[PDB]
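Q: Can you read through this structure? Questions will come right after.
Cβ: placed from backbone, ideal geometry, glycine included. Neighbour counts: every protein chain shown. Where a number appears in this text, it was derived from the coordinates with a stated rule and is not lab data.
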Amino acid sequence: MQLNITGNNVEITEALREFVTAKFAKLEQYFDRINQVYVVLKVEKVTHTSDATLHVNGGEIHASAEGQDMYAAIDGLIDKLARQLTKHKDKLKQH
């Protein structure tokens, strides 16, 4: 269960990185299919872009989200990502 992040054209402050990990953590409670995760967020005067990639036993999901800010990108990115994790998580726990 190891996760890492990479910021392109953005200063990675303990608070920022924490926010990202904070969301994933809350997901680590119900979601047990997370071993290696890599996230990247670009910050430009135009639009902010963020990408997420979660790993699962036998399968791997890769999605990306954009937001008005580095915070919004993570919100929608971790939102759609979670809902996706639950979908595939339903296949496993079949009882």
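Q: Any residue in the range 20-43 that's at negative phi: show its pairings with residues that are buried (at least 17 other Cβ atoms within 10 Å of the Cβ) and of a type in the set (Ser, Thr, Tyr) at Cβ separation under 6 Å, as long as the two are six or more apart or on different chains.
A: As it stands, the answer is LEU41/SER50; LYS42/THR49, since those pairs meet every condition given.
Q: If a residue must be touching a strand residue (DSSP E or B) at 6+ places or on another chain (Cβ under 8 Å) and β-branched (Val, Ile, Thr), how many such residues does the range 66-86 contain?
A: 2
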